[PDB]
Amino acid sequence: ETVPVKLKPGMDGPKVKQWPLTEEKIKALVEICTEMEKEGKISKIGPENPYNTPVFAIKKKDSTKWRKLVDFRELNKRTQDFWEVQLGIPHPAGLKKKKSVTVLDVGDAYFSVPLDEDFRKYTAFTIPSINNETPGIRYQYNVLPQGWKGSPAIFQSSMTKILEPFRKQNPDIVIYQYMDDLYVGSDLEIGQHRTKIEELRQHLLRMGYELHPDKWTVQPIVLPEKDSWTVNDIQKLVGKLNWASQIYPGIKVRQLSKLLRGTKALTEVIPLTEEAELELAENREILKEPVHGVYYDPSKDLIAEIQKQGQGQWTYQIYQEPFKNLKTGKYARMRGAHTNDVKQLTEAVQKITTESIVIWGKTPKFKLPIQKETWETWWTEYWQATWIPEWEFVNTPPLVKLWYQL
């Protein structure tokens, strides 16, 4: 029996145009959809359904198997009372503290559960064609779609019945469901952890990605160490400490600022006085302390900001309010000589989102340092998760890049 699903009051369905697809993704989608239609998972619809959600396809790593990926971000925003409140799943604070967390794709399960008939229209999508040989061919789901916030919500009771025996027997393993995946964490040794995972798979016969969140530390703000300081050096230092005091109000600057009195050449050398030396060491100390008054608000959304530091280096901050960071960090890569900023950026978005899902049960909204058209032209070439975060496109102010650099 189906579960009646409503939309948020006052909101309509998604009307999002389909973006162009390469030939091989179109071929894969047409294969996948012929199979899905034959199995009853989807049905052809026409243009009197006014809703649309974009579709595309990704390939599993070292695989030849394509995967259909529906961008249900709008539909998810428009059902957010249903999946977040009415049939929500709680998030465990111990999951992030485990030695190992394995991610298991459990999405297939949803295709066994029928979707409410009144709601199927909202799941409409359109397959396009090379050179517009044909108008778009339209479908809608007849079963819980992968990628819809409603699917794990509705499937929650079955998943709990399925996991009750395994949880009972293995009571120190924590299992957290997020949208298409199970996150399975334990403090076992890697040999015995893996067998426990390839024990849960046998159970789930009614791949995997390995994570070590107990080793995720924070990236402190840090100040330059040098035995010779120029007027330029001290101007840079004072500017950075001035910005930092918006976060750590104990940052003091006047004893360094006093070294700069007058109109001097940028390259002239300036010995640090005892007063300024002690001020600088005290500032170094203050930066090591936790930021005061940062309390996670589970009602508000997460904001993730990213900066390109150059040479394969990226920095990022997760916050809900300005200057009150929940997390900071970096994403580093070897000097590739064939470096792809777009690919590195999507890899970074995925790592950050994975971390947020493990820590807060929430994906963040990304401020991305890239032109919209570049990102939209190429990001799906490198995407490998089933979820997709929200994002918007920003022109990072050069000073901000300078402040979080390492």
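Sequential numbering from 1, following the sequence displayed.
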item: Extent of unmodelled deposited sequence, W216 relative to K215; value: none
item: Residue range whose averaged C-alpha B-factor is higher in the record, 360-368 or 58-66; value: 58-66
item: Selected stretch [higher average CA B-factor]: 6-14 or 385-393; value: 6-14
item: Residue with highest C-alpha B-factor in the PDB entry, from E268, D233, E189, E305; value: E189
item: From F82, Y316, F72, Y139, residue of greatest CA B-factor; value: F82
item: Third assignment of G293 from its chain's C-alpha B-factors; value: middle
item: Third of the chain's Cα B-factor distribution that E164 belongs to, per the entry; value: highest
item: Modelled-residue ranking by C-alpha temperature factor, third containing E133; value: lowest
item: For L144, the third of its chain into which the C-alpha B factor falls; value: lowest
item: Third of chain Cα B-factors occupied by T126; value: lowest
